[PDB]
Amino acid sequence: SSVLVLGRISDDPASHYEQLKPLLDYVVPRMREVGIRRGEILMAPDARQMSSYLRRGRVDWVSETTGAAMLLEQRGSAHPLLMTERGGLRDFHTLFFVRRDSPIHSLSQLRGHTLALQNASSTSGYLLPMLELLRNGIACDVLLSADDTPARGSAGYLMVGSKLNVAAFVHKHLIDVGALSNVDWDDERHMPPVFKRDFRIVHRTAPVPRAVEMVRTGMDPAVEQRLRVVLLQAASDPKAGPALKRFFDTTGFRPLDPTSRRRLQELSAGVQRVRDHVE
């Protein structure tokens, strides 16, 4: 509580540490006037455990994609501070893709076929695609392995972890359809051009805001206000551009406007619906 703890949900803590530390080092000295003296990094493996840390006060601030953010909010653990723009983009969406040779040409044809998804905390790799299926009445059962097959008339999904794995499993004929964000699609670490050229897009979800800064339930109001101000000013401060670069290429923060708020509400309902019906 004289300590500011920055975190994120992470399956690779050793590598995401470097993305958080620079910005934290920029932030902490500018927070002295509200009682902050030092900064710490605490990451968690999924949204459930991050919520626990949030609720117990072990983490103060996380920067997340908006579906993941709403998981945190729904679990009583955090609330939005600022909207975050990354890679020059305020928004993103999910796309579904197949091998070009695939008999699949539309979302509806997922019925009877498999879907590669990322992890349960992924906005673009889990929450958006499942929501889209729910919306189209397309049942999707968890499959246990790559030998497991969907129900006739339902889709089934296989959790493969990484974004590269979604692309890999689909390229190699192990799964019929993959889900990635439009942004991951043009990112060569996650969608290698040797795979991409064999793929075809068959469906796009509506866009959502890309990311949000969230702060924990019970944060002291003054610390909250000052962190907000600091982050708002960081964008236009050359002393922060390198750290912002590292902070998932953050190119912008902006206030929660009524539009972004209602879009988060919409998203939250949708995420609550995924959660309710994929328990």
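Residue positions are given as counts along the sequence shown, with the first one as 1.
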query = If you average the Cα B factors in the entry, which is higher, 26 to 34 or 64 to 72?
reply = 26 to 34
remark   = When mean C-alpha B-factors in the record are compared for 189 to 197 and 203 to 211, the larger belongs to 189 to 197
task = By the entry's C-alpha temperature factors, tell me which of 129, 178, 137, 153 sits highest.
result = 153
Ranked against its chain, the third holding the CA B-factor of residue 86 = middle
query = How does residue 245 rank on Cα B-factor within its chain, lowest, middle or highest third?
reply = highest
request  = Would you mind ranking residue 112 by its C-alpha B-factor against the rest of the chain and naming the third, lowest, middle or highest?
outcome  = middle
key: Third of chain Cα B-factors occupied by residue 174   = middle
key: B-factor third for the C-alpha atom of residue 225 within its chain   = highest
